[PDB]
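K.L.:
Pasting in a structure now, in structure tokens, and then I'll have a few things to ask.
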Amino acid sequence: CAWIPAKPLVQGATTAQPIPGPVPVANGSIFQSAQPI
Amino acid sequence: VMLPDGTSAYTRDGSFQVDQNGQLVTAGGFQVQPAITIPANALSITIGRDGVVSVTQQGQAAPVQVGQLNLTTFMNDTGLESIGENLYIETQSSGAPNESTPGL
Amino acid sequence: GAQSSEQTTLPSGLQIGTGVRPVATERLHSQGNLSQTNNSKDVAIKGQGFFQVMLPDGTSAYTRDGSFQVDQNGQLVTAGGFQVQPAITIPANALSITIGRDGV
Amino acid sequence: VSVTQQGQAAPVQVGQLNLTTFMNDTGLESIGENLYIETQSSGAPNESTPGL
Amino acid sequence: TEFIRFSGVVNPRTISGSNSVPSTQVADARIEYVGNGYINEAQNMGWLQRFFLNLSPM
Amino acid sequence: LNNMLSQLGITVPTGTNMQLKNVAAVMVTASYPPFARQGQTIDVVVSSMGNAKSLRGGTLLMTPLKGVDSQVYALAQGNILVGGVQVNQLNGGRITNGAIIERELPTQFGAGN
Amino acid sequence: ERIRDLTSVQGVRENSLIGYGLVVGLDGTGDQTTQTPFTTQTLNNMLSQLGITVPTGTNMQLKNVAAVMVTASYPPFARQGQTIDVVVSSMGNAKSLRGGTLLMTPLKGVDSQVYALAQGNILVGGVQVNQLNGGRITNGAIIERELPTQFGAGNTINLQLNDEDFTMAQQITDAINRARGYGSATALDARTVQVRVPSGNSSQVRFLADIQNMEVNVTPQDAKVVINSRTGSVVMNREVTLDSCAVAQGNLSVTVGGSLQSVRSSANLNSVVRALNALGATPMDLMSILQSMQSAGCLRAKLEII
Amino acid sequence: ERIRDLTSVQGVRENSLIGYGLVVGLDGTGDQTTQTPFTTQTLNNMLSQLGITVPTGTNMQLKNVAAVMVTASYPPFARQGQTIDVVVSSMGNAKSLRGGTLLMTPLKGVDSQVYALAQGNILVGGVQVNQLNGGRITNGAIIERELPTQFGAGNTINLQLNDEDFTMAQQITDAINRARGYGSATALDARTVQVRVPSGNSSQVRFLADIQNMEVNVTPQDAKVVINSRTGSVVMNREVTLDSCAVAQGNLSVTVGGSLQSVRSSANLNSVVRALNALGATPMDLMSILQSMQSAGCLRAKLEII
Amino acid sequence: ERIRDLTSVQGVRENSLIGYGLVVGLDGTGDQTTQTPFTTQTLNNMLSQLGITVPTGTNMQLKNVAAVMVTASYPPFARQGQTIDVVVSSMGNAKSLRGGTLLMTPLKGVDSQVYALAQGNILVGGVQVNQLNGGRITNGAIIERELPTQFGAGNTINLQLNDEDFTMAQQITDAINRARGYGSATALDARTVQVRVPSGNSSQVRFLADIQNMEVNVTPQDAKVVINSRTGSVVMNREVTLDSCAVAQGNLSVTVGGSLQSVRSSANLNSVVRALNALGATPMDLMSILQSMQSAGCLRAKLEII
């Protein structure tokens, strides 16, 4: 039957909430790093 | 005809065309006056002998009146100054243009 | 124009002119008259429309000549390896190919 | 003046070829090479687009 | 009546010119085009036919 | 140029002429000095990349200078200075104090004996 | 040498602002809108914002405007009401920006935030022709945002030295300690000097004002030679010394008796210059001679190509 | 130096106003309406507002009008009835705006609010030809809106220094304290001086009037050199000093005996100028010489390209 | 300086009036009706109003009329029967308006209300040719509406200062207080002075008449330099001072010995002018020199591009 429970192959959330980022350091520079990986 | 300078020329030629925007231009991209715009869905065009131009839309069973193509008479055809391109322009020898629908 | 005296106007000034420049060579697109080849690998058109083709460089050209062929790889070509757009591949295992008036 | 590329179906405009008109055409002097140069009797060149 | 509803997330850099963005450029694209009235009712299977489709062998 | 315009807030249609001659794509090279501080400035060298005829009075616009690790270590922006039969190089110029440092390299100086 | 002339404060720093704008007037010579689509689009956007909506399909072939990039230097401790100078550079194919006007362009930082607003009249120079596609506007930009700073907080301030040097840092620290109380300054590296200052913005400002104008002697930096190779320039430091050697270069020979001219050892810049001049050659030949000499030794300095 | 000449008040600030308008007359030389659709559309809008409705399909090929952008400087404490000067710049392809008239253009701020109304006659200059596509109208704009201000409220006023400097701030604070009572001023940073003033608009105005005309000495700012590279200009501060070095530049040689001219150490501007002149070269060569010299040291100043 | 010459009253204010009209006569040289449809339409409207109805389909190719815009300055306290001057500018493609006549054009304000009626004869100037597409009519407009005003009501009147200045406001307030009773005036900001006057139109008029002709000294305003860059004009205030510096500009050299001319410090305008003249250069070069000098300091004034 088509009503039997099934798990789609693309499991998990399909959305990602963007991270706000890091608060700037008041070092007098407009440029702010982003935690290089 | 309206020249790209905006000044008006006058041609006795009908080898007309439709450009990419659909206007009636005349063998060189000179727009006729008053502007006549062919709709993109038009399949056939006819110019009534009185000067009415009407196209055949797709689906619609009626050749809707899209424009009136009118002529211009000068008191003095001979005085026109020819500028080439099969065009003539007004000079005070010809007289002022008198624009009328064909026939009238 | 160019008034000679204060009261005369000198109609029809002297103009010599040159040249017969061919302004254009238009391509009158009328409906060609069909003929029966009794061959399946020729399809003709009635009315507006062109067959779109990816030229070897990727730029899409057009041809009103449905004298198609089938190449080694199953694709549809037009007299020189002109691959139709969008891609359609002909499998070898089919027997008869019919192209209905609705184009499918 | 515009040019057409291999495939691009819109003519990329490449430049404008302007004319220069003088108050006195005849005042110009020749230098050969089919070239005239501006002189005190010709007036300073007035640059213009053609047709205007 | 017909209801056309759209929902999604649009990056504010794919918007081109006259505040237009193709639906293919929108993430989380939820598109609904539903109808009401007897016109919409006529397109429903029917309880018995639906039951047979979901249960009847073959 | 289209990327910069889109970032600034202008989205040019993909299909367009865009035949400009007042700009030139360039590579900017800088020498990250030892013990570089965040607020300090360094000199940069700008070299034409494509077919630009000259960079006589050009302006370099906010180019990020990165190291071999792909990390942004400086930001370079300013006015190019180029020399005005031994003709000078008009496709390569120098900007004095044109780059401002952004990152500081950790060092072991002061540690050990 | 004054401390301000060779050192910079940690908290004091400049920033770069960039923006897009339009220049009107120009007596023609503007961008060719046919080849510069963004100019017409931006003009239409401005007109629509002002209240005029031009139809999408139109000619719009104008020549009195030019799309430009405006660059500004956000100064340290910038205040909201202050003004800064801006540089306007043509973006498309504009012929010139002689008497143009920059119209309300927002100057933003690397964070995409509007930090200034620039508007005014461009000034450009009126065979060495001036640059007519790049101009400067004095006080053309008014600041809008203020960058938070840590100045006045803490008890340590870092003086940063241009062209770092251990001797320079030691001299600066010694001068600061001698002028102020004992232990007032301490060198952290070849480029940083940490100075202890009392807490408080006013006290820190007074201490920095006292320190900046201090007189510190400049010790011998290094034997450095700079060769441009692009502007045909060669510069030698006062510390450059030349070792005895023989050099032979094309078309160069002893005045008198032939090639292979001798170069006497020179300890000072005057002797080095005299020996090199005696080894007569143009700057272009001198660059190659210096490169080969340094490769072979006989040149007690480091040469860099700029 | 007067405080007003090197400092600005926190509350006093200028704003930029922009607007669109039309210029009539011009004896021809106006915009080509065929290539400038917005001109005809705006003229039709004005005619319809006045009471004339031109049919949509018409030639409308006029040459006595030009679409222009009008820019104005909203002054601080602007009053409703006051007038300001405006700058009118051609927008389309107008040939000139010699004797044109600007007609009732609204000048708006960055918030899209009408802040002034501009109307009047354009004045333009009558081989260095003047700009005929840009003119100025004196008192051509009448203000309409007044910006609310905090002036007169609170007890602290911030004086902002152009070209911030710790020594300059300290000098300003010391002068203010000496002139007024003890603790009247305090430097907050290299660019801001907070001054305590009594509450009340009149009292604050009197205090500011007293402070502005004060005489404060200007201490040595910095050794700065400016190279235009676009107008062929080189400027050196009075504080610039030159270190001993040898410079070789193309086609430059000792007067007399060859290249590699010696540059003597110069402590003052006069000595620096004399040494550079002895090292004879045009300004274009001088720019490259200065760049290379600064790169190699021997130049106790910072050089900036403008 | 008189108070009237540097201050304006709050209630006294000018307004702008605009209108559309036609000019007849002109000995030809009128608008080309083929390219100016609105001219023929307006003429037909006028004829129909007068009692003549021209058929819609007609040639109507006239050349003795020109569509014009008429601008007027509604003066403060305008009376119904008074007359004002108007400016008539060609709208279409008219060649000239030499001896034309403006016919009964209504002049309206920004509220679309008819405030005047303009009719009369245009006067235009009869190689520097005069503007023949723009003329002036003296007393050509008669007012029709009167703007309500608050003058005579209340007890406070605001004097507004052109080119606001704290010192100027303080001087004006002090002069007013000295002339009148104690506390007669009080400065509210750098641009506004509130004066207490007795209730009543006559009393307020007498007080304003007394105040306007008062003599007030003008204190040093500011060190300001104005560069046109469009008319080739440079103007310097009497307060401008020059700091010692060296400037090198293209083709400029010491008279005598080369480039890099020295500029001596000048405290007064005479010294500044003499030093700049000694640094011989045309105004175009002087503009660039001043820009670079101000960028490098050495110029104790603010320079603005007009």
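Chain labels run A, B, ... following the order of the structure tokens; each chain numbers its residues from 1, and ligands are numbered from 1 in the order shown.
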Would you write out, as JSON lines, a table of all residues in chain B that have an atom no more than 6 Å from an atom of chain C, listing for each the closest atom pair and the distance in Å to one decimal, considering only C-alpha atoms and ordering rows by chain and rising residue number?

P.N.:
```
{"residue": "B:78", "atom": "CA", "partner": "C:12", "partner_atom": "CA", "distance": 5.8}
{"residue": "B:79", "atom": "CA", "partner": "C:12", "partner_atom": "CA", "distance": 4.4}
{"residue": "B:91", "atom": "CA", "partner": "C:1", "partner_atom": "CA", "distance": 5.8}
{"residue": "B:92", "atom": "CA", "partner": "C:1", "partner_atom": "CA", "distance": 5.5}
{"residue": "B:93", "atom": "CA", "partner": "C:1", "partner_atom": "CA", "distance": 4.7}
```

K.L.:
Next, write the just-selected residues to a file, as a PDB file, in the first residue's frame, keeping N, CA and C atoms as the atom set.

P.N.:
```
ATOM      1  N   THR B  78       7.260  69.140 -56.319  1.00  0.00           N
ATOM      2  CA  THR B  78       8.534  69.349 -56.998  1.00  0.00           C
ATOM      3  C   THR B  78       9.565  70.012 -56.094  1.00  0.00           C
ATOM      4  N   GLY B  79       9.128  70.846 -55.160  1.00  0.00           N
ATOM      5  CA  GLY B  79      10.058  71.583 -54.337  1.00  0.00           C
ATOM      6  C   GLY B  79      10.690  70.806 -53.214  1.00  0.00           C
ATOM      7  N   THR B  91      11.059  71.913 -47.404  1.00  0.00           N
ATOM      8  CA  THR B  91      11.727  73.192 -47.545  1.00  0.00           C
ATOM      9  C   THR B  91      10.663  74.219 -47.882  1.00  0.00           C
ATOM     10  N   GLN B  92      10.957  75.489 -47.633  1.00  0.00           N
ATOM     11  CA  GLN B  92       9.893  76.470 -47.765  1.00  0.00           C
ATOM     12  C   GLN B  92       9.443  76.649 -49.195  1.00  0.00           C
ATOM     13  N   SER B  93      10.106  76.003 -50.147  1.00  0.00           N
ATOM     14  CA  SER B  93       9.625  75.992 -51.518  1.00  0.00           C
ATOM     15  C   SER B  93       8.473  75.028 -51.721  1.00  0.00           C
TER      16      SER B  93
END
```

K.L.:
Fit chain G to chain H, all Cα atoms paired in order, least squares. Then write it as a tab-separated table (two decimals) with C-alpha atoms, in the first residue's frame.

P.N.:
```tsv
chain	number	residue	atom	x	y	z
G	1	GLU	CA	45.39	79.49	14.77
G	2	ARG	CA	41.74	80.06	15.63
G	3	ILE	CA	39.71	77.21	17.10
G	4	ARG	CA	37.09	77.70	14.37
G	5	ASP	CA	39.73	77.21	11.66
G	6	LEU	CA	40.71	73.72	12.88
G	7	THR	CA	37.67	72.46	14.83
G	8	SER	CA	33.98	71.85	14.19
G	9	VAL	CA	31.11	71.73	16.67
G	10	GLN	CA	29.21	68.49	17.28
G	11	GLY	CA	25.75	69.93	16.61
G	12	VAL	CA	26.73	72.02	13.59
G	13	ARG	CA	26.61	69.87	10.46
G	14	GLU	CA	25.83	70.13	6.75
G	15	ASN	CA	23.54	67.89	4.71
G	16	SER	CA	23.23	67.05	1.02
G	17	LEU	CA	20.03	67.63	-0.97
G	18	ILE	CA	19.39	66.31	-4.48
G	19	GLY	CA	16.56	66.83	-6.93
G	20	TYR	CA	15.48	66.56	-10.54
G	21	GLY	CA	14.43	69.53	-12.63
G	22	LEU	CA	14.13	71.08	-16.08
G	23	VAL	CA	15.91	74.06	-17.63
G	24	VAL	CA	14.09	76.15	-20.24
G	25	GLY	CA	15.42	78.52	-22.87
G	26	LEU	CA	19.03	77.67	-23.80
G	27	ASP	CA	18.70	78.97	-27.40
G	28	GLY	CA	18.64	75.39	-28.56
G	29	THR	CA	21.50	73.22	-27.29
G	30	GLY	CA	18.98	71.32	-25.17
G	31	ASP	CA	18.52	67.60	-24.68
G	32	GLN	CA	17.76	65.41	-27.68
G	33	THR	CA	14.33	64.16	-26.63
G	34	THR	CA	14.67	61.15	-28.94
G	35	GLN	CA	17.61	59.86	-26.88
G	36	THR	CA	16.35	61.35	-23.58
G	37	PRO	CA	12.86	59.92	-22.98
G	38	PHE	CA	12.68	61.14	-19.37
G	39	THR	CA	12.87	64.79	-20.46
G	40	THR	CA	9.70	64.56	-22.57
G	41	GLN	CA	7.92	62.48	-19.92
G	42	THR	CA	8.72	65.02	-17.19
G	43	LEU	CA	7.65	67.90	-19.44
G	44	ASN	CA	4.36	66.10	-20.12
G	45	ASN	CA	3.88	65.54	-16.39
G	46	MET	CA	4.45	69.24	-15.72
G	47	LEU	CA	2.03	70.22	-18.49
G	48	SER	CA	-0.64	67.84	-17.16
G	49	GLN	CA	-0.19	69.23	-13.65
G	50	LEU	CA	-0.54	72.77	-15.01
G	51	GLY	CA	-3.70	71.74	-16.86
G	52	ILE	CA	-2.57	70.65	-20.34
G	53	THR	CA	-2.86	66.97	-21.30
G	54	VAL	CA	-0.76	66.18	-24.38
G	55	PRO	CA	-1.82	62.97	-26.18
G	56	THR	CA	0.42	60.02	-25.39
G	57	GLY	CA	1.27	59.46	-29.05
G	58	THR	CA	3.01	62.63	-30.21
G	59	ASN	CA	6.32	63.79	-31.66
G	60	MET	CA	7.36	66.20	-28.89
G	61	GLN	CA	10.80	66.93	-30.37
G	62	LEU	CA	11.93	70.00	-28.42
G	63	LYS	CA	15.43	71.44	-28.05
G	64	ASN	CA	15.03	74.41	-25.66
G	65	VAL	CA	14.88	72.33	-22.46
G	66	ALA	CA	17.31	70.07	-20.63
G	67	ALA	CA	16.78	67.57	-17.82
G	68	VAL	CA	19.10	68.45	-14.95
G	69	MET	CA	20.09	67.36	-11.46
G	70	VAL	CA	20.17	70.09	-8.80
G	71	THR	CA	22.38	69.63	-5.74
G	72	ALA	CA	22.31	71.81	-2.63
G	73	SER	CA	24.05	71.99	0.74
G	74	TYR	CA	21.50	72.13	3.57
G	75	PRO	CA	23.34	74.34	6.08
G	76	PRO	CA	23.26	73.79	9.85
G	77	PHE	CA	20.39	75.41	11.75
G	78	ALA	CA	18.62	76.05	8.45
G	79	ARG	CA	15.51	78.21	8.79
G	80	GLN	CA	12.29	77.83	6.83
G	81	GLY	CA	12.48	81.18	5.05
G	82	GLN	CA	16.20	81.18	4.23
G	83	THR	CA	17.75	80.60	0.80
G	84	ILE	CA	20.74	78.53	-0.32
G	85	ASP	CA	22.86	78.20	-3.44
G	86	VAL	CA	22.35	75.28	-5.82
G	87	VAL	CA	24.35	73.57	-8.56
G	88	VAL	CA	22.57	72.45	-11.74
G	89	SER	CA	24.17	69.77	-13.92
G	90	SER	CA	22.92	68.48	-17.26
G	91	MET	CA	21.51	64.95	-17.15
G	92	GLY	CA	20.93	63.84	-20.74
G	93	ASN	CA	22.70	65.02	-23.90
G	94	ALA	CA	22.12	68.77	-23.58
G	95	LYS	CA	24.80	70.77	-25.38
G	96	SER	CA	24.82	73.70	-22.94
G	97	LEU	CA	22.90	75.49	-20.18
G	98	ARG	CA	24.15	79.00	-20.94
G	99	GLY	CA	21.06	81.08	-20.17
G	100	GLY	CA	18.65	78.46	-18.89
G	101	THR	CA	16.08	78.69	-16.13
G	102	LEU	CA	15.56	76.03	-13.46
G	103	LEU	CA	11.84	75.55	-12.76
G	104	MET	CA	10.55	74.61	-9.31
G	105	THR	CA	12.58	71.50	-8.58
G	106	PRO	CA	12.10	69.93	-5.11
G	107	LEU	CA	15.36	69.28	-3.26
G	108	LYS	CA	15.09	66.22	-1.01
G	109	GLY	CA	17.40	64.59	1.51
G	110	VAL	CA	18.49	60.98	1.78
G	111	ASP	CA	15.15	60.25	3.50
G	112	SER	CA	13.13	61.18	0.37
G	113	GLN	CA	11.69	64.27	2.10
G	114	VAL	CA	11.36	67.61	0.31
G	115	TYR	CA	13.71	69.98	2.15
G	116	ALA	CA	13.93	72.87	-0.33
G	117	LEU	CA	12.48	74.30	-3.53
G	118	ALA	CA	14.89	75.51	-6.22
G	119	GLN	CA	14.00	77.88	-9.05
G	120	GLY	CA	15.88	80.64	-10.81
G	121	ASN	CA	18.32	81.45	-13.61
G	122	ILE	CA	21.50	79.48	-14.29
G	123	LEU	CA	24.83	81.31	-14.46
G	124	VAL	CA	27.64	79.67	-16.45
G	125	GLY	CA	31.06	80.89	-17.51
G	126	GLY	CA	31.05	82.82	-20.77
G	127	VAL	CA	42.66	76.89	-24.64
G	128	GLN	CA	40.66	76.43	-21.42
G	129	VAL	CA	36.93	76.45	-22.17
G	130	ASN	CA	34.44	76.74	-19.32
G	131	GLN	CA	31.93	74.08	-18.30
G	132	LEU	CA	28.70	74.86	-20.16
G	133	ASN	CA	26.76	71.82	-18.87
G	134	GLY	CA	27.07	72.88	-15.23
G	135	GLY	CA	25.97	76.11	-13.58
G	136	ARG	CA	25.30	77.68	-10.21
G	137	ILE	CA	22.24	79.52	-8.90
G	138	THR	CA	22.88	81.90	-6.01
G	139	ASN	CA	20.03	81.94	-3.48
G	140	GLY	CA	18.13	79.80	-5.98
G	141	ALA	CA	16.77	77.40	-3.34
G	142	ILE	CA	14.39	78.31	-0.51
G	143	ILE	CA	14.31	76.00	2.50
G	144	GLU	CA	11.04	74.33	3.44
G	145	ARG	CA	11.84	72.03	6.39
G	146	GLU	CA	13.89	72.53	9.56
G	147	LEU	CA	15.96	69.73	11.10
G	148	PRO	CA	15.44	69.27	14.87
G	149	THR	CA	18.64	69.66	16.87
G	150	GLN	CA	19.83	68.97	20.41
G	151	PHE	CA	21.78	72.25	20.60
G	152	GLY	CA	21.14	74.02	23.88
G	153	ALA	CA	20.33	70.76	25.70
G	154	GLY	CA	22.74	69.00	28.02
G	155	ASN	CA	25.94	70.35	29.51
G	156	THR	CA	28.69	68.95	27.24
G	157	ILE	CA	29.65	70.05	23.72
G	158	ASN	CA	32.08	68.09	21.55
G	159	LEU	CA	34.62	70.00	19.45
G	160	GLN	CA	35.77	67.85	16.53
G	161	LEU	CA	39.25	68.37	15.09
G	162	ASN	CA	40.03	68.08	11.39
G	163	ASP	CA	43.11	65.92	10.84
G	164	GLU	CA	43.02	64.51	14.35
G	165	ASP	CA	46.18	64.76	16.45
G	166	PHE	CA	46.87	64.06	20.12
G	167	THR	CA	49.10	67.13	20.41
G	168	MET	CA	46.45	69.26	18.70
G	169	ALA	CA	43.74	68.02	21.07
G	170	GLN	CA	45.97	68.63	24.10
G	171	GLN	CA	46.78	72.15	22.90
G	172	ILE	CA	43.10	72.94	22.32
G	173	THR	CA	42.14	71.61	25.75
G	174	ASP	CA	44.93	73.58	27.44
G	175	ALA	CA	43.94	76.79	25.65
G	176	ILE	CA	40.27	76.34	26.55
G	177	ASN	CA	41.11	75.62	30.19
G	178	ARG	CA	43.43	78.64	30.39
G	179	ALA	CA	40.87	80.99	28.85
G	180	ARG	CA	37.88	79.68	30.82
G	181	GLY	CA	37.63	78.24	34.32
G	182	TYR	CA	39.57	75.22	35.51
G	183	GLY	CA	38.36	71.94	34.04
G	184	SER	CA	36.38	73.62	31.26
G	185	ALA	CA	37.66	71.21	28.58
G	186	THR	CA	38.92	67.63	28.43
G	187	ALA	CA	40.32	65.70	25.47
G	188	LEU	CA	38.47	62.43	24.89
G	189	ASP	CA	40.64	61.19	22.00
G	190	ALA	CA	42.94	62.45	19.25
G	191	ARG	CA	39.97	64.13	17.54
G	192	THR	CA	37.37	65.05	20.21
G	193	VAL	CA	37.44	67.66	22.98
G	194	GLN	CA	34.50	67.71	25.40
G	195	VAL	CA	33.79	71.17	26.82
G	196	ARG	CA	31.46	71.80	29.76
G	197	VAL	CA	29.01	74.64	29.08
G	198	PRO	CA	26.07	76.00	31.11
G	199	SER	CA	22.58	74.82	30.26
G	200	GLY	CA	20.66	77.12	27.95
G	201	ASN	CA	20.83	78.01	24.27
G	202	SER	CA	21.98	81.58	24.92
G	203	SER	CA	24.69	80.53	27.39
G	204	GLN	CA	25.94	77.80	25.06
G	205	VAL	CA	26.00	80.25	22.14
G	206	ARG	CA	28.00	82.77	24.17
G	207	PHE	CA	30.46	80.09	25.31
G	208	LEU	CA	30.93	78.80	21.76
G	209	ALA	CA	31.41	82.34	20.42
G	210	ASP	CA	34.09	82.98	23.05
G	211	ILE	CA	35.82	79.66	22.36
G	212	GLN	CA	35.80	79.80	18.56
G	213	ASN	CA	37.93	82.94	18.19
G	214	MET	CA	40.58	81.75	20.65
G	215	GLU	CA	44.19	81.71	19.44
G	216	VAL	CA	45.92	78.33	19.71
G	217	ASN	CA	49.41	77.60	18.41
G	218	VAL	CA	49.78	74.79	15.87
G	219	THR	CA	52.50	72.31	16.81
G	220	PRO	CA	54.48	70.38	14.17
G	221	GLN	CA	51.92	68.06	12.60
G	222	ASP	CA	53.89	65.39	10.73
G	223	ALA	CA	56.43	64.86	7.96
G	224	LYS	CA	54.05	64.27	5.05
G	225	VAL	CA	54.63	64.37	1.29
G	226	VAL	CA	51.79	64.40	-1.25
G	227	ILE	CA	52.23	63.21	-4.84
G	228	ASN	CA	49.27	63.65	-7.19
G	229	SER	CA	50.50	61.61	-10.18
G	230	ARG	CA	47.37	62.86	-11.95
G	231	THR	CA	47.91	66.65	-11.94
G	232	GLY	CA	51.71	66.39	-11.83
G	233	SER	CA	51.97	67.97	-8.38
G	234	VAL	CA	54.38	67.29	-5.52
G	235	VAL	CA	54.04	68.99	-2.12
G	236	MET	CA	56.28	68.58	0.93
G	237	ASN	CA	55.56	69.55	4.52
G	238	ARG	CA	57.82	71.90	6.44
G	239	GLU	CA	58.70	68.93	8.69
G	240	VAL	CA	60.17	66.75	5.92
G	241	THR	CA	63.83	65.77	6.33
G	242	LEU	CA	66.13	63.94	3.92
G	243	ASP	CA	68.73	61.34	4.88
G	244	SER	CA	72.03	61.00	3.04
G	245	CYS	CA	71.71	58.75	0.00
G	246	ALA	CA	72.68	58.34	-3.65
G	247	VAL	CA	70.04	58.31	-6.39
G	248	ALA	CA	70.37	57.42	-10.08
G	249	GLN	CA	67.53	58.17	-12.50
G	250	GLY	CA	67.22	57.83	-16.25
G	251	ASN	CA	68.79	60.71	-18.22
G	252	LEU	CA	69.82	62.43	-14.95
G	253	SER	CA	73.52	62.92	-14.24
G	254	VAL	CA	75.87	65.13	-12.26
G	255	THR	CA	76.11	68.61	-13.74
G	256	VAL	CA	79.90	68.98	-13.56
G	257	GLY	CA	80.40	63.46	-13.32
G	258	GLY	CA	77.82	60.93	-14.42
G	259	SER	CA	74.82	59.15	-12.91
G	260	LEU	CA	74.42	58.26	-9.22
G	261	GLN	CA	74.14	61.79	-7.86
G	262	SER	CA	74.75	62.21	-4.13
G	263	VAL	CA	72.03	63.65	-1.88
G	264	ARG	CA	73.35	65.38	1.23
G	265	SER	CA	71.50	65.01	4.52
G	266	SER	CA	69.03	67.87	5.01
G	267	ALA	CA	67.34	68.64	8.33
G	268	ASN	CA	65.07	71.49	7.20
G	269	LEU	CA	62.75	72.07	4.27
G	270	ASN	CA	65.12	74.61	2.70
G	271	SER	CA	67.99	72.11	2.72
G	272	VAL	CA	65.74	69.34	1.38
G	273	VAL	CA	64.55	71.57	-1.46
G	274	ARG	CA	68.09	72.68	-2.30
G	275	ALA	CA	69.38	69.10	-2.38
G	276	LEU	CA	66.48	67.89	-4.53
G	277	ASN	CA	66.94	70.81	-6.93
G	278	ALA	CA	70.67	70.07	-7.17
G	279	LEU	CA	69.53	66.55	-8.07
G	280	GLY	CA	67.97	68.20	-11.10
G	281	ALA	CA	64.80	66.58	-12.40
G	282	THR	CA	61.27	67.39	-13.53
G	283	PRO	CA	58.35	66.72	-11.15
G	284	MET	CA	57.51	63.45	-12.92
G	285	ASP	CA	61.03	62.14	-12.32
G	286	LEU	CA	60.93	63.58	-8.79
G	287	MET	CA	57.87	61.47	-7.97
G	288	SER	CA	59.67	58.24	-8.90
G	289	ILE	CA	62.83	59.40	-7.12
G	290	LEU	CA	60.83	60.09	-3.95
G	291	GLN	CA	59.05	56.73	-4.14
G	292	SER	CA	62.33	54.83	-4.49
G	293	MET	CA	64.02	56.94	-1.81
G	294	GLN	CA	61.20	56.32	0.67
G	295	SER	CA	61.31	52.61	-0.16
G	296	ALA	CA	65.05	52.61	0.60
G	297	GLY	CA	64.71	54.87	3.65
G	298	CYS	CA	66.68	58.13	3.55
G	299	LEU	CA	63.37	60.05	3.61
G	300	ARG	CA	62.06	60.89	7.08
G	301	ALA	CA	58.46	61.42	6.00
G	302	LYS	CA	55.46	59.45	4.77
G	303	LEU	CA	54.48	59.92	1.12
G	304	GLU	CA	50.89	59.50	-0.08
G	305	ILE	CA	49.51	59.28	-3.61
G	306	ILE	CA	46.45	61.47	-4.09
```

K.L.:
Once you count only C-alpha atoms, what closest atom pair and distance in Å to one decimal does each residue of chain F within 7 Å of chain E have, with rows by chain and rising residue number, as JSON lines?

P.N.:
```
{"residue": "F:6", "atom": "CA", "partner": "E:13", "partner_atom": "CA", "distance": 6.7}
{"residue": "F:11", "atom": "CA", "partner": "E:16", "partner_atom": "CA", "distance": 5.6}
{"residue": "F:13", "atom": "CA", "partner": "E:16", "partner_atom": "CA", "distance": 6.8}
```

K.L.:
Output N, CA, C and O atoms for every residue in that selection, as a compact mmCIF listing (two decimals), in the first residue's frame.

P.N.:
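Final file, result_32.txt:
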```txt
# COMPACT_ATOMS: atom_id res chain seq x y z
N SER F 6 26.85 43.99 -8.02
CA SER F 6 25.81 43.26 -7.31
C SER F 6 26.00 43.36 -5.80
O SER F 6 25.03 43.53 -5.05
N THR F 11 22.30 45.05 -9.83
CA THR F 11 22.29 43.75 -10.50
C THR F 11 22.11 43.98 -11.99
O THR F 11 21.00 44.20 -12.47
N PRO F 13 21.78 42.83 -15.80
CA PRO F 13 21.31 41.59 -16.44
C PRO F 13 22.46 40.80 -17.02
O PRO F 13 23.45 41.35 -17.50
```

K.L.:
Residues of chain A near chain F: apply a cut-off of 10 Å, count only C-alpha atoms, and supply the list as a count of residues only.

P.N.:
9

K.L.:
Write out as JSON lines the residues of chain A that have any atom within 8 Å of an atom of chain E, one row each with the nearest atom pair and its distance in Å to one decimal, counting only C-alpha atoms, sorted by chain and then rising number.

P.N.:
```
{"residue": "A:1", "atom": "CA", "partner": "E:54", "partner_atom": "CA", "distance": 6.5}
{"residue": "A:2", "atom": "CA", "partner": "E:54", "partner_atom": "CA", "distance": 7.3}
{"residue": "A:15", "atom": "CA", "partner": "E:28", "partner_atom": "CA", "distance": 7.5}
```
